[PDB]
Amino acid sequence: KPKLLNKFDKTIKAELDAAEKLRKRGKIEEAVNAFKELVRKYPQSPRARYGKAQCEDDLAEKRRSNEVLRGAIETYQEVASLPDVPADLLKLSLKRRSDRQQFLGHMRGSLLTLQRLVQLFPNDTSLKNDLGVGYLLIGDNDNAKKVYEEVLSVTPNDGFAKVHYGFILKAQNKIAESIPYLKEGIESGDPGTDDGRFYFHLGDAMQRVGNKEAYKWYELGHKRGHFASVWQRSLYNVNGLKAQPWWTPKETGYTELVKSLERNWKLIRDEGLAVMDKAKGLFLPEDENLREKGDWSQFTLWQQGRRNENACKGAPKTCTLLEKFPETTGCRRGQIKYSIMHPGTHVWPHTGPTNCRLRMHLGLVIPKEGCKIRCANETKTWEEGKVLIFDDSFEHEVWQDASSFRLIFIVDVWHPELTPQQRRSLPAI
């Protein structure tokens, strides 16, 4: 289907075919030298150049080297610099460049590549879509929205553009506006629309607007292998881990940590209260759109397994206490933080991003009534000096209708059934 040979390359199709054959046979070692020879002989051949790039790519796989892949990334661009490059070959070479640049984390660089691709092929919708993703991976939702808007003006039926437009809208708290786009987009069945993210956010948006069809999409999302279950909808998961909403200290194995938190809960409280009084700026409002209403702020000591030095100067003994416990201070997919919630607060039902952590709550200041937390189908309350443990990858919801503030201490731990190796390798969240 794809024509990759220009006028000149057709006159050397034999040599080019010869070289490619070696690559396909896995003999990626001598296939390089073969294309390197053709490149030397025909320094303007796009197909010879693309051949070199592809072998360098495979070599990066075999060797698992970033420098050789970095080299392939440049060779892929080299192809685009040559004269008389066929469109199909031009598109292929630059697409793969972007792909691998995103693999290496050169998202900024992958963007310029995608912008170039859209400039070179202004009629290709799928490239505009990929450009949109490029913007989303750098947190540039504004430019991503423009792109998908640009796409839908020309192609209102593109499901990919719809889910992504819906995703951006919901992230903008345009809840009602987002639903038709997420729904129609998934239903379109286009490639790239069967993503757990869109199932996750469609249902949440539905829940927020009182649409009882929400769990119909959680159910479908589960049936298509995105959610471990209808209640547990985290997307960054290690499959197999014991999954249950509520845990007991003994069940986690982290009994020393719990003892330490409960035995020393008052110094933990006092340092938190002291920050409230003399440094309330260290408490930052919740900024993930998880609130329907009310005041909710958090004072973070650890995140992604990294100690916040300045924060710990506000809770020095607490931080000194926790340094003893690497199961939490080394949890690169959790946090350690004070969490204060005031009356008139309701937190939407929600789920955390990963099943790789369990979440501990130490009661510090708990009003006699008004404060409760539901995880799955069971609601519980906090007690001062007592630890609650739940898996926040399960849907959970929170209320604060007391007559004064409620302070807790949140301590995340690695899921106990995670092997030491897993705890070392898992990318941070």
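Residue positions are given as counts along the sequence shown, with the first one as 1.
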| query | finding |
| --- | --- |
| Mean Cα B-factor comparison, 405 to 413 or 10 to 18, giving the higher one as deposited | 10 to 18 |
| Segment of higher mean CA temperature factor, 58 to 66 or 381 to 389 | 58 to 66 |
| Selection from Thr354, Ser178, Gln119, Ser297 [criterion: highest C-alpha temperature factor in the record] | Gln119 |
| Out of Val85, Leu137, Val258, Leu104, residue topping the C-alpha B-factor column of the entry | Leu104 |
| Ranked C-alpha temperature factor of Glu397 among modelled chain residues, by third | lowest |
| Chain-wide C-alpha B factor ranking for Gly192, given as lowest, middle or highest third | highest |
| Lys52 by Cα B-factor - lowest, middle or highest third of the modelled chain | middle |
| Chain-relative CA temperature factor third for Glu262 | lowest |
| Chain third (lowest, middle, highest) by recorded CA B-factor, residue given as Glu323 | middle |
